[PDB]
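Engineer: Okay, here's the structure, questions in a sec.
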Number of protein chains: 2
Amino acid sequence: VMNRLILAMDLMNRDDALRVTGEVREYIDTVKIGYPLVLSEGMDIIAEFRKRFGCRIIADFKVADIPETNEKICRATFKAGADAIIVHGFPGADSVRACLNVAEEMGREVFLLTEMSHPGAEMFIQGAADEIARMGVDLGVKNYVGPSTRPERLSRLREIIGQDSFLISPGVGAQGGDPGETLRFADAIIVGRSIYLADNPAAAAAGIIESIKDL
Amino acid sequence: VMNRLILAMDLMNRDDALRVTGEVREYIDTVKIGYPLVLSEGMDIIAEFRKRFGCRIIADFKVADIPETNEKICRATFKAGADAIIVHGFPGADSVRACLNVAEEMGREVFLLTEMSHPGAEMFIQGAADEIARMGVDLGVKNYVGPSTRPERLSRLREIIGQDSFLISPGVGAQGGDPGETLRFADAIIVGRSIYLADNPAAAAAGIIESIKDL
Ligand SMILES: COC(=O)c1cc(=O)[nH]c(=O)n1[C@@H]1O[C@H](COP(=O)(O)O)[C@@H](O)[C@H]1O
Ligand SMILES: COC(=O)c1cc(=O)[nH]c(=O)n1[C@@H]1O[C@H](COP(=O)(O)O)[C@@H](O)[C@H]1O
């Protein structure tokens, strides 16, 4: 990932999402697109971004259904041109395996979300997160998401998944996480509002990248 | 809900989804629309169904993000005309409260998904499900989803949420659940494939309704 920085593009307007992504494109190679943008502007936005920016697109869809429905969601998402999809591990191994099977069929990747970054993640997800990560390892998952807001948890996650797995991490900036600390454990950080709500997104992205290079 | 039967419309083609929904409309008053259809045909499909069929629409989006992103997903979903949205409880109370706040602002409803119907739900969700349900009660949630495939769990869920809360239940038919047993505890059943993959969906829906009336 260019500069170890992934843009979380959660603006809900195509014109604003295009403007900001264009302004910061020199500093990233990967955009995370989620439901705020796709449910406002349509799934065609994924191929439009891929074409316009030549970026990789991670569809942050948090897939969290039964296996049969997960299959359908993943097929529709890769048909729309996404490079990878983020999947919840909490629904269990059959639900994750269904997403892995569609990614294998379509030559795509699954990222497993293990422990979330917000305060409520402490209630139920955190207590299951090490097990969810070990389930990922046992299913052959190679890409994971874990929380910038809890670097001790992100260290434990890294310990479970090993040094060869790819780990990306949201919660940097607005939610309180720090780029440099997070990159002690994660390969890349996800940043949304700190960039896309900034008066100058390119300057916000450049400032983050300057602090990453120093690491 | 008319006849206590909610159609899970997970066909991925607008023409097929419209045909089947029209054929069974005399037997339901509520259609559950999820991501298989919306990610294939666009969010405009929700208002189209509401207009064409005069049904209520439950958006089965399994919302399962941090509070700020959940807000955005719910706003986009109610803007598209959905009557209600299904929300995961596993991400914790702040994530659920964010959805409740948007539903209160827009005069809509939240359904809390407590325990899922597929086999993998046993790994992590089932052990947290009673607590997730009690969290719902303490947040003021009045509408819940629980599993037809485990009627003893559906009885425990009902015990926690009380007799005044509304409880709907998927997993009937294809996943092995029974209409009559499920309706001992749930107010309505959700049925997808048993109807929409049938050679004659209207006959499939009518057969289910005949067995419901007998209860
Ligand atoms: C895999 O899903 C995520 O990206 C996600 C998981 C998580 O635990 N925390 C989290 O913040 N996210 C998402 O990452 C983005 C964070 O954006 P932010 O920098 O806080 O504006 C946003 O799109 C969230 O929906
Ligand atoms: C609230 O979300 C659901 O509807 C859901 C939760 C769950 O635990 N199990 C479950 O089957 N569902 C959904 O309900 C539908 C079941 O359809 P089916 O009758 O099995 O074809 C389908 O849309 C599933 O995604």
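Order determines the names: the first chain of the structure tokens is A, the second B, and so forth; residues in each chain are numbered 1 upward, and ligands are numbered 1 upward as they are shown.
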Please report as a ChimeraX atom specification which residues of chain A come no farther than 6 Å from chain B, using only C-alpha atoms.

Structural biologist: /A:36,42,66,72-73,90-94,118,120-121,123-124

Engineer: Write out the coordinates of chain A as a PDB file with C-alpha atoms, in the first residue's frame after a least-squares overlay onto chain B built on all ordered Cα pairs.

Structural biologist:
```
ATOM      1  CA  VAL A   1     -47.563  -8.405   9.374  1.00  0.00           C
ATOM      2  CA  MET A   2     -50.079  -9.901   6.981  1.00  0.00           C
ATOM      3  CA  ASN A   3     -50.398 -13.621   7.637  1.00  0.00           C
ATOM      4  CA  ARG A   4     -47.336 -13.365   9.955  1.00  0.00           C
ATOM      5  CA  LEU A   5     -45.191 -13.996   6.809  1.00  0.00           C
ATOM      6  CA  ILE A   6     -42.381 -11.724   5.596  1.00  0.00           C
ATOM      7  CA  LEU A   7     -40.830 -12.449   2.157  1.00  0.00           C
ATOM      8  CA  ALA A   8     -37.027 -12.411   2.090  1.00  0.00           C
ATOM      9  CA  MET A   9     -36.491 -11.142  -1.446  1.00  0.00           C
ATOM     10  CA  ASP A  10     -32.899 -12.162  -2.187  1.00  0.00           C
ATOM     11  CA  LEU A  11     -33.144 -12.635  -5.941  1.00  0.00           C
ATOM     12  CA  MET A  12     -30.488 -10.502  -7.592  1.00  0.00           C
ATOM     13  CA  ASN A  13     -32.363  -9.567 -10.765  1.00  0.00           C
ATOM     14  CA  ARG A  14     -34.969  -6.785 -10.753  1.00  0.00           C
ATOM     15  CA  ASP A  15     -37.229  -8.579 -13.234  1.00  0.00           C
ATOM     16  CA  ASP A  16     -37.246 -11.847 -11.286  1.00  0.00           C
ATOM     17  CA  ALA A  17     -37.592 -10.017  -7.893  1.00  0.00           C
ATOM     18  CA  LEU A  18     -40.553  -8.010  -9.214  1.00  0.00           C
ATOM     19  CA  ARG A  19     -42.238 -11.083 -10.723  1.00  0.00           C
ATOM     20  CA  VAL A  20     -42.007 -13.182  -7.595  1.00  0.00           C
ATOM     21  CA  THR A  21     -42.989 -10.362  -5.201  1.00  0.00           C
ATOM     22  CA  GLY A  22     -46.017  -9.584  -7.376  1.00  0.00           C
ATOM     23  CA  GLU A  23     -47.054 -13.219  -7.452  1.00  0.00           C
ATOM     24  CA  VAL A  24     -47.047 -13.564  -3.662  1.00  0.00           C
ATOM     25  CA  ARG A  25     -48.253 -10.025  -2.735  1.00  0.00           C
ATOM     26  CA  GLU A  26     -51.765 -11.212  -1.868  1.00  0.00           C
ATOM     27  CA  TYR A  27     -50.198 -13.275   0.976  1.00  0.00           C
ATOM     28  CA  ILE A  28     -47.790 -10.761   2.705  1.00  0.00           C
ATOM     29  CA  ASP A  29     -47.682  -7.090   3.725  1.00  0.00           C
ATOM     30  CA  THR A  30     -43.965  -6.876   4.309  1.00  0.00           C
ATOM     31  CA  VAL A  31     -40.848  -7.566   2.181  1.00  0.00           C
ATOM     32  CA  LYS A  32     -37.353  -7.857   3.567  1.00  0.00           C
ATOM     33  CA  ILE A  33     -34.869  -6.431   1.028  1.00  0.00           C
ATOM     34  CA  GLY A  34     -31.144  -7.057   1.594  1.00  0.00           C
ATOM     35  CA  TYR A  35     -27.834  -6.461  -0.008  1.00  0.00           C
ATOM     36  CA  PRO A  36     -28.095  -9.255  -2.702  1.00  0.00           C
ATOM     37  CA  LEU A  37     -30.831  -7.219  -4.368  1.00  0.00           C
ATOM     38  CA  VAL A  38     -29.725  -3.700  -3.460  1.00  0.00           C
ATOM     39  CA  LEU A  39     -26.085  -4.203  -4.485  1.00  0.00           C
ATOM     40  CA  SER A  40     -27.220  -5.666  -7.813  1.00  0.00           C
ATOM     41  CA  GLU A  41     -29.996  -3.226  -8.715  1.00  0.00           C
ATOM     42  CA  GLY A  42     -29.475  -0.088  -6.572  1.00  0.00           C
ATOM     43  CA  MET A  43     -31.116   1.494  -3.564  1.00  0.00           C
ATOM     44  CA  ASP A  44     -33.895   2.867  -5.811  1.00  0.00           C
ATOM     45  CA  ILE A  45     -35.348  -0.631  -5.734  1.00  0.00           C
ATOM     46  CA  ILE A  46     -36.664   0.028  -2.207  1.00  0.00           C
ATOM     47  CA  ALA A  47     -38.959   2.911  -3.209  1.00  0.00           C
ATOM     48  CA  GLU A  48     -39.934   1.024  -6.374  1.00  0.00           C
ATOM     49  CA  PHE A  49     -41.160  -1.950  -4.328  1.00  0.00           C
ATOM     50  CA  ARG A  50     -42.911   0.248  -1.779  1.00  0.00           C
ATOM     51  CA  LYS A  51     -44.787   2.045  -4.588  1.00  0.00           C
ATOM     52  CA  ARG A  52     -45.543  -0.970  -6.771  1.00  0.00           C
ATOM     53  CA  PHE A  53     -46.631  -3.303  -4.016  1.00  0.00           C
ATOM     54  CA  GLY A  54     -47.676  -0.902  -1.241  1.00  0.00           C
ATOM     55  CA  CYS A  55     -45.738  -3.098   1.162  1.00  0.00           C
ATOM     56  CA  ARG A  56     -43.640  -2.249   4.160  1.00  0.00           C
ATOM     57  CA  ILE A  57     -39.907  -2.706   3.509  1.00  0.00           C
ATOM     58  CA  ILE A  58     -37.421  -3.955   6.076  1.00  0.00           C
ATOM     59  CA  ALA A  59     -33.832  -3.236   4.901  1.00  0.00           C
ATOM     60  CA  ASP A  60     -31.837  -6.233   6.047  1.00  0.00           C
ATOM     61  CA  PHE A  61     -28.466  -4.529   6.149  1.00  0.00           C
ATOM     62  CA  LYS A  62     -27.051  -6.162   9.284  1.00  0.00           C
ATOM     63  CA  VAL A  63     -25.564  -2.830  10.241  1.00  0.00           C
ATOM     64  CA  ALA A  64     -22.383  -3.689  12.086  1.00  0.00           C
ATOM     65  CA  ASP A  65     -20.007  -0.702  12.089  1.00  0.00           C
ATOM     66  CA  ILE A  66     -18.769   1.966  14.484  1.00  0.00           C
ATOM     67  CA  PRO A  67     -21.406   4.527  15.610  1.00  0.00           C
ATOM     68  CA  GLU A  68     -20.500   7.282  13.156  1.00  0.00           C
ATOM     69  CA  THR A  69     -20.623   5.015  10.122  1.00  0.00           C
ATOM     70  CA  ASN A  70     -23.794   3.310  11.379  1.00  0.00           C
ATOM     71  CA  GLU A  71     -25.439   6.759  11.469  1.00  0.00           C
ATOM     72  CA  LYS A  72     -24.599   7.324   7.796  1.00  0.00           C
ATOM     73  CA  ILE A  73     -25.803   3.874   6.712  1.00  0.00           C
ATOM     74  CA  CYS A  74     -29.095   4.318   8.500  1.00  0.00           C
ATOM     75  CA  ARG A  75     -29.665   7.821   7.105  1.00  0.00           C
ATOM     76  CA  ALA A  76     -29.027   6.614   3.552  1.00  0.00           C
ATOM     77  CA  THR A  77     -31.325   3.624   4.057  1.00  0.00           C
ATOM     78  CA  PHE A  78     -34.271   5.642   5.434  1.00  0.00           C
ATOM     79  CA  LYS A  79     -33.730   8.293   2.747  1.00  0.00           C
ATOM     80  CA  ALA A  80     -34.261   5.479   0.231  1.00  0.00           C
ATOM     81  CA  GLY A  81     -37.663   4.788   1.803  1.00  0.00           C
ATOM     82  CA  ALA A  82     -37.098   1.787   4.030  1.00  0.00           C
ATOM     83  CA  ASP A  83     -39.568   1.431   6.932  1.00  0.00           C
ATOM     84  CA  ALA A  84     -37.114  -0.350   9.190  1.00  0.00           C
ATOM     85  CA  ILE A  85     -33.516  -1.541   9.267  1.00  0.00           C
ATOM     86  CA  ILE A  86     -31.949  -4.654  10.819  1.00  0.00           C
ATOM     87  CA  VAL A  87     -28.937  -3.956  13.004  1.00  0.00           C
ATOM     88  CA  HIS A  88     -26.390  -6.335  14.565  1.00  0.00           C
ATOM     89  CA  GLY A  89     -26.116  -6.166  18.332  1.00  0.00           C
ATOM     90  CA  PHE A  90     -22.635  -7.804  18.513  1.00  0.00           C
ATOM     91  CA  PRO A  91     -20.820  -4.435  17.899  1.00  0.00           C
ATOM     92  CA  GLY A  92     -22.239  -3.137  21.231  1.00  0.00           C
ATOM     93  CA  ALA A  93     -24.460  -0.502  22.652  1.00  0.00           C
ATOM     94  CA  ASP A  94     -23.025   2.651  21.136  1.00  0.00           C
ATOM     95  CA  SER A  95     -23.328   1.152  17.643  1.00  0.00           C
ATOM     96  CA  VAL A  96     -26.966   0.208  18.285  1.00  0.00           C
ATOM     97  CA  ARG A  97     -27.776   3.595  19.886  1.00  0.00           C
ATOM     98  CA  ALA A  98     -26.453   5.386  16.782  1.00  0.00           C
ATOM     99  CA  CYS A  99     -29.026   3.516  14.651  1.00  0.00           C
ATOM    100  CA  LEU A 100     -31.807   4.218  17.196  1.00  0.00           C
ATOM    101  CA  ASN A 101     -30.970   7.925  17.082  1.00  0.00           C
ATOM    102  CA  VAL A 102     -31.322   8.100  13.313  1.00  0.00           C
ATOM    103  CA  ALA A 103     -34.520   6.061  13.379  1.00  0.00           C
ATOM    104  CA  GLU A 104     -35.932   8.494  16.019  1.00  0.00           C
ATOM    105  CA  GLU A 105     -34.960  11.473  13.798  1.00  0.00           C
ATOM    106  CA  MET A 106     -36.562  10.012  10.713  1.00  0.00           C
ATOM    107  CA  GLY A 107     -39.604   8.321  12.242  1.00  0.00           C
ATOM    108  CA  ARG A 108     -38.406   4.777  11.420  1.00  0.00           C
ATOM    109  CA  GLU A 109     -37.756   1.504  13.279  1.00  0.00           C
ATOM    110  CA  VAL A 110     -34.690  -0.584  14.224  1.00  0.00           C
ATOM    111  CA  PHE A 111     -34.795  -4.383  14.476  1.00  0.00           C
ATOM    112  CA  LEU A 112     -32.001  -5.857  16.606  1.00  0.00           C
ATOM    113  CA  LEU A 113     -30.454  -9.103  15.370  1.00  0.00           C
ATOM    114  CA  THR A 114     -29.639 -11.097  18.527  1.00  0.00           C
ATOM    115  CA  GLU A 115     -28.597 -14.661  17.513  1.00  0.00           C
ATOM    116  CA  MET A 116     -28.248 -15.844  13.934  1.00  0.00           C
ATOM    117  CA  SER A 117     -29.769 -18.962  12.354  1.00  0.00           C
ATOM    118  CA  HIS A 118     -26.789 -20.661  10.632  1.00  0.00           C
ATOM    119  CA  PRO A 119     -24.453 -23.211  12.182  1.00  0.00           C
ATOM    120  CA  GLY A 120     -21.537 -20.818  12.644  1.00  0.00           C
ATOM    121  CA  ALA A 121     -23.705 -18.664  14.966  1.00  0.00           C
ATOM    122  CA  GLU A 122     -22.839 -21.215  17.629  1.00  0.00           C
ATOM    123  CA  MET A 123     -19.185 -20.186  17.654  1.00  0.00           C
ATOM    124  CA  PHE A 124     -19.362 -16.619  19.037  1.00  0.00           C
ATOM    125  CA  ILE A 125     -22.857 -15.097  18.668  1.00  0.00           C
ATOM    126  CA  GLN A 126     -24.864 -17.630  20.657  1.00  0.00           C
ATOM    127  CA  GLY A 127     -22.791 -17.186  23.803  1.00  0.00           C
ATOM    128  CA  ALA A 128     -23.356 -13.413  23.688  1.00  0.00           C
ATOM    129  CA  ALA A 129     -26.959 -13.493  22.453  1.00  0.00           C
ATOM    130  CA  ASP A 130     -28.834 -13.331  25.769  1.00  0.00           C
ATOM    131  CA  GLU A 131     -26.690 -10.343  26.779  1.00  0.00           C
ATOM    132  CA  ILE A 132     -27.202  -8.703  23.366  1.00  0.00           C
ATOM    133  CA  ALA A 133     -30.954  -9.115  23.879  1.00  0.00           C
ATOM    134  CA  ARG A 134     -30.820  -7.643  27.403  1.00  0.00           C
ATOM    135  CA  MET A 135     -28.792  -4.703  25.942  1.00  0.00           C
ATOM    136  CA  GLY A 136     -31.583  -4.188  23.463  1.00  0.00           C
ATOM    137  CA  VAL A 137     -34.155  -4.104  26.231  1.00  0.00           C
ATOM    138  CA  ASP A 138     -32.064  -1.572  28.153  1.00  0.00           C
ATOM    139  CA  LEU A 139     -31.694   0.660  25.042  1.00  0.00           C
ATOM    140  CA  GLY A 140     -35.443   0.594  24.443  1.00  0.00           C
ATOM    141  CA  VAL A 141     -35.380  -1.625  21.334  1.00  0.00           C
ATOM    142  CA  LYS A 142     -38.843  -3.025  20.596  1.00  0.00           C
ATOM    143  CA  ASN A 143     -38.167  -5.160  17.483  1.00  0.00           C
ATOM    144  CA  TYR A 144     -35.883  -8.197  17.383  1.00  0.00           C
ATOM    145  CA  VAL A 145     -34.696 -10.980  15.068  1.00  0.00           C
ATOM    146  CA  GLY A 146     -33.845 -14.460  16.294  1.00  0.00           C
ATOM    147  CA  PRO A 147     -33.387 -17.939  14.794  1.00  0.00           C
ATOM    148  CA  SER A 148     -36.101 -20.327  13.529  1.00  0.00           C
ATOM    149  CA  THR A 149     -33.453 -23.077  13.494  1.00  0.00           C
ATOM    150  CA  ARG A 150     -33.197 -23.020  17.308  1.00  0.00           C
ATOM    151  CA  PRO A 151     -36.656 -22.671  18.824  1.00  0.00           C
ATOM    152  CA  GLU A 152     -35.270 -23.186  22.381  1.00  0.00           C
ATOM    153  CA  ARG A 153     -33.100 -20.094  21.756  1.00  0.00           C
ATOM    154  CA  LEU A 154     -36.041 -18.268  20.279  1.00  0.00           C
ATOM    155  CA  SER A 155     -38.018 -19.091  23.484  1.00  0.00           C
ATOM    156  CA  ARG A 156     -35.191 -17.735  25.672  1.00  0.00           C
ATOM    157  CA  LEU A 157     -35.037 -14.571  23.482  1.00  0.00           C
ATOM    158  CA  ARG A 158     -38.768 -14.090  23.851  1.00  0.00           C
ATOM    159  CA  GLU A 159     -38.405 -14.548  27.615  1.00  0.00           C
ATOM    160  CA  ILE A 160     -35.855 -11.728  27.762  1.00  0.00           C
ATOM    161  CA  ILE A 161     -37.660  -9.247  25.497  1.00  0.00           C
ATOM    162  CA  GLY A 162     -41.161  -9.845  26.855  1.00  0.00           C
ATOM    163  CA  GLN A 163     -44.529 -10.281  25.185  1.00  0.00           C
ATOM    164  CA  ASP A 164     -44.922  -6.715  23.949  1.00  0.00           C
ATOM    165  CA  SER A 165     -41.739  -6.696  21.833  1.00  0.00           C
ATOM    166  CA  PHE A 166     -42.067  -7.713  18.186  1.00  0.00           C
ATOM    167  CA  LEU A 167     -39.923 -10.707  17.155  1.00  0.00           C
ATOM    168  CA  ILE A 168     -39.380 -11.941  13.620  1.00  0.00           C
ATOM    169  CA  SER A 169     -37.516 -15.087  12.702  1.00  0.00           C
ATOM    170  CA  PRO A 170     -35.559 -16.325   9.622  1.00  0.00           C
ATOM    171  CA  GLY A 171     -34.381 -19.853   8.911  1.00  0.00           C
ATOM    172  CA  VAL A 172     -37.785 -21.314   7.992  1.00  0.00           C
ATOM    173  CA  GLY A 173     -37.821 -23.837   5.137  1.00  0.00           C
ATOM    174  CA  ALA A 174     -34.461 -23.973   3.432  1.00  0.00           C
ATOM    175  CA  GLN A 175     -32.424 -23.773   6.629  1.00  0.00           C
ATOM    176  CA  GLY A 176     -34.590 -26.350   8.375  1.00  0.00           C
ATOM    177  CA  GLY A 177     -36.932 -24.281  10.546  1.00  0.00           C
ATOM    178  CA  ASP A 178     -40.643 -24.987  10.876  1.00  0.00           C
ATOM    179  CA  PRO A 179     -43.362 -22.267  10.507  1.00  0.00           C
ATOM    180  CA  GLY A 180     -45.646 -23.444  13.279  1.00  0.00           C
ATOM    181  CA  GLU A 181     -42.979 -24.153  15.855  1.00  0.00           C
ATOM    182  CA  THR A 182     -41.267 -20.849  15.149  1.00  0.00           C
ATOM    183  CA  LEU A 183     -44.581 -18.967  15.562  1.00  0.00           C
ATOM    184  CA  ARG A 184     -44.919 -20.355  19.078  1.00  0.00           C
ATOM    185  CA  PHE A 185     -42.380 -17.666  19.981  1.00  0.00           C
ATOM    186  CA  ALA A 186     -41.999 -15.221  17.079  1.00  0.00           C
ATOM    187  CA  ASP A 187     -44.709 -12.900  15.837  1.00  0.00           C
ATOM    188  CA  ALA A 188     -43.750 -13.406  12.188  1.00  0.00           C
ATOM    189  CA  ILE A 189     -41.548 -15.676  10.136  1.00  0.00           C
ATOM    190  CA  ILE A 190     -39.170 -14.659   7.380  1.00  0.00           C
ATOM    191  CA  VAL A 191     -39.138 -16.983   4.331  1.00  0.00           C
ATOM    192  CA  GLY A 192     -36.846 -16.619   1.326  1.00  0.00           C
ATOM    193  CA  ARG A 193     -35.837 -19.576  -0.878  1.00  0.00           C
ATOM    194  CA  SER A 194     -38.802 -21.854   0.025  1.00  0.00           C
ATOM    195  CA  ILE A 195     -40.885 -19.232  -1.745  1.00  0.00           C
ATOM    196  CA  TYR A 196     -38.662 -17.485  -4.278  1.00  0.00           C
ATOM    197  CA  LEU A 197     -36.970 -20.611  -5.685  1.00  0.00           C
ATOM    198  CA  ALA A 198     -40.244 -22.587  -5.798  1.00  0.00           C
ATOM    199  CA  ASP A 199     -41.698 -23.612  -9.137  1.00  0.00           C
ATOM    200  CA  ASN A 200     -44.878 -21.775  -8.026  1.00  0.00           C
ATOM    201  CA  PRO A 201     -44.098 -19.103  -5.363  1.00  0.00           C
ATOM    202  CA  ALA A 202     -47.718 -18.220  -4.807  1.00  0.00           C
ATOM    203  CA  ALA A 203     -48.506 -21.870  -4.095  1.00  0.00           C
ATOM    204  CA  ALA A 204     -45.485 -22.086  -1.778  1.00  0.00           C
ATOM    205  CA  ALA A 205     -46.628 -18.947   0.118  1.00  0.00           C
ATOM    206  CA  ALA A 206     -50.231 -20.194   0.243  1.00  0.00           C
ATOM    207  CA  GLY A 207     -49.121 -23.521   1.655  1.00  0.00           C
ATOM    208  CA  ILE A 208     -47.173 -21.826   4.398  1.00  0.00           C
ATOM    209  CA  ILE A 209     -50.130 -19.511   5.203  1.00  0.00           C
ATOM    210  CA  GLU A 210     -52.530 -22.485   5.356  1.00  0.00           C
ATOM    211  CA  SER A 211     -50.251 -24.118   7.907  1.00  0.00           C
ATOM    212  CA  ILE A 212     -50.068 -20.747   9.877  1.00  0.00           C
ATOM    213  CA  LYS A 213     -53.884 -20.313   9.946  1.00  0.00           C
ATOM    214  CA  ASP A 214     -54.187 -23.784  11.429  1.00  0.00           C
ATOM    215  CA  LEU A 215     -52.093 -22.497  14.358  1.00  0.00           C
TER     216      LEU A 215
END
```

Engineer: Out of range 21-194 of chain A, which residues get alpha helix (DSSP H) from DSSP, as a PyMOL selection string?

Structural biologist: chain A and resi 21-24+35-41+44-53+67-79+93-106+125-139+151-161+179-182+193-194

Engineer: As a list in words, which residues of range 159-193 of chain A does DSSP assign to strand (DSSP E or B)?

Structural biologist: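 Filtering range 159-193 of chain A down to strand (DSSP E or B) leaves residues 166, 167, 168, 169, 172, 177, 188, 189, 190 and 191 of chain A.
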
Engineer: Got time to write the residues from that selection, N, CA and C atoms, as a PDB file, in the first residue's frame?

Structural biologist:
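As written to disk, selection-v2.pdb reads:
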```pdb
ATOM      1  N   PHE A 166      -1.063  -9.794   6.311  1.00  0.00           N
ATOM      2  CA  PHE A 166      -1.205  -8.360   6.081  1.00  0.00           C
ATOM      3  C   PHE A 166      -2.277  -7.807   7.021  1.00  0.00           C
ATOM      4  N   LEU A 167      -1.941  -6.748   7.726  1.00  0.00           N
ATOM      5  CA  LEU A 167      -2.867  -6.228   8.786  1.00  0.00           C
ATOM      6  C   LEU A 167      -3.031  -4.731   8.542  1.00  0.00           C
ATOM      7  N   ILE A 168      -4.295  -4.317   8.392  1.00  0.00           N
ATOM      8  CA  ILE A 168      -4.582  -2.899   8.251  1.00  0.00           C
ATOM      9  C   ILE A 168      -5.444  -2.484   9.430  1.00  0.00           C
ATOM     10  N   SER A 169      -5.399  -1.172   9.706  1.00  0.00           N
ATOM     11  CA  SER A 169      -5.917  -0.699  11.007  1.00  0.00           C
ATOM     12  C   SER A 169      -6.606   0.656  10.912  1.00  0.00           C
ATOM     13  N   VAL A 172      -7.404   5.755  13.310  1.00  0.00           N
ATOM     14  CA  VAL A 172      -6.323   6.736  13.371  1.00  0.00           C
ATOM     15  C   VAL A 172      -6.909   8.125  13.193  1.00  0.00           C
ATOM     16  N   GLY A 177      -6.549   7.183  17.520  1.00  0.00           N
ATOM     17  CA  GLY A 177      -5.327   6.397  17.237  1.00  0.00           C
ATOM     18  C   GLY A 177      -4.211   7.199  16.622  1.00  0.00           C
ATOM     19  N   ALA A 188      -0.491  -1.199   7.353  1.00  0.00           N
ATOM     20  CA  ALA A 188      -1.040   0.046   6.810  1.00  0.00           C
ATOM     21  C   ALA A 188      -2.108   0.530   7.776  1.00  0.00           C
ATOM     22  N   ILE A 189      -2.261   1.856   7.752  1.00  0.00           N
ATOM     23  CA  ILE A 189      -3.348   2.506   8.493  1.00  0.00           C
ATOM     24  C   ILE A 189      -4.434   2.994   7.554  1.00  0.00           C
ATOM     25  N   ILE A 190      -5.662   2.900   8.043  1.00  0.00           N
ATOM     26  CA  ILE A 190      -6.835   3.471   7.400  1.00  0.00           C
ATOM     27  C   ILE A 190      -7.155   4.821   8.044  1.00  0.00           C
ATOM     28  N   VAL A 191      -7.326   5.851   7.204  1.00  0.00           N
ATOM     29  CA  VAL A 191      -7.655   7.203   7.714  1.00  0.00           C
ATOM     30  C   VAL A 191      -8.785   7.744   6.885  1.00  0.00           C
TER      31      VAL A 191
END
```
